[PDB]
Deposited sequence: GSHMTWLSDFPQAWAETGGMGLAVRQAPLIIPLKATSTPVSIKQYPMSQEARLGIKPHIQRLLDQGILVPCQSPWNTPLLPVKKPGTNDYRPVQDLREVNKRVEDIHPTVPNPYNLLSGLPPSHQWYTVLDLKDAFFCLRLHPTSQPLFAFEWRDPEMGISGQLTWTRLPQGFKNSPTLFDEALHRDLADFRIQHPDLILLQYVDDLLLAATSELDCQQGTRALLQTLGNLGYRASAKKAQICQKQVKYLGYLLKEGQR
């Protein structure tokens, strides 16, 4: 099965990803920025117990680490509890980058009628596959208490304004060669949502095998549960792709 043939490619069997070819990211600040330390609003025990096992898993995975930082932003006290960091004051102090992710409408314009066999993959915990340079880690620090200090991220965090664009650009670099090796396949990338299109069932099977092999080797992980493999009809970016339509 698709599961068995590519253990490394799937999130369910390959472990947490890590994009091994990508240098740890340095996050430039605006020219006038200085650190902001925002106090953590008190969190109820209910919310703290809800959040706690997620924090512990991330610590175990090395995605969070202890730190002491002059930066601090709050975790939401009401966040099915999973921690959500309010990074708006950090985002304001980080230098802007050009938004290079295409909007879905334009992206799908590059899908020709000749290619009507589809594979759709979504990468699991995509931002977390990208390492942050140690110099940039303190930027994203927050407080954590167990009724005691700060933690921060060692990977590109949720809620950071440039994460989608930086991920999209990193994956484009990592999939550049795949595109060159498979000139007859169509590959659409929208941050962590991928569409592979081919002219035949067999070509789509072979391409999908090569894409999974490649993604796994690079350190990314796709959702086996959500995967739509070699169908003439798929759901991609809120559209139903069918009979060359939409």
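Residues of the deposited sequence lacking C-alpha coordinates, counted from 1, fall in the stretches 1-4, 84-88, 157-160.
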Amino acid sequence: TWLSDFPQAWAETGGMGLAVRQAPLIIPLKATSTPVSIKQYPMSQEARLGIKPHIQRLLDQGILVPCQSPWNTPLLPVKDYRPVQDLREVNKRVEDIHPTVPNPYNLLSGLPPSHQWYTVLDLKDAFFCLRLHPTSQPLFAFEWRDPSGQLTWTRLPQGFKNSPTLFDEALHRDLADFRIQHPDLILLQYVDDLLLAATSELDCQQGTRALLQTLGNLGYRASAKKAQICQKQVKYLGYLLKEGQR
From here on, numbers count along this sequence of modelled residues.
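What we label the rigid core is the largest C-alpha set whose atoms superpose within 1.5 Å from one form to the other.
Using the rigid core as the fitting frame, the root mean square C-alpha deviation in 8 other deposited structures of this protein is greater for 41-49 than for the other of 41-49 and 189-197.
The rigid core fit leaves 105-113 as the farther-lying stretch in 8 other deposited structures of this protein, judged by Cα positions and set against 105-113 and 124-132. Stretch comparison (234-242 versus 10-18) by mean CA B-factor in the PDB entry places 234-242 on top. The deposited model assigns a higher average Cα B-factor to 196-204 than to the other stretch when 196-204 and 45-53 are compared. Taking the deposited Cα B-factors for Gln40, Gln181, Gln189, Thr32, the highest one is held by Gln181. Annotation for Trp71, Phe127, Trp153, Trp117: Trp117 ranks highest, by Cα B-factor. When the modelled residues of the chain are ordered by C-alpha B-factor, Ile229 sits in the highest third.
Among the modelled residues of its chain, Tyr81 has a C-alpha B-factor that falls in the highest third according to the deposited record. Remark: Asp146 belongs to the highest third of its chain, ranked by C-alpha B-factor as recorded.
Ranked by C-alpha B-factor against the other modelled residues of its chain, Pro164 falls in the lowest third. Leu58 sits in the middle third of its chain by CA B factor, as recorded in the PDB entry.
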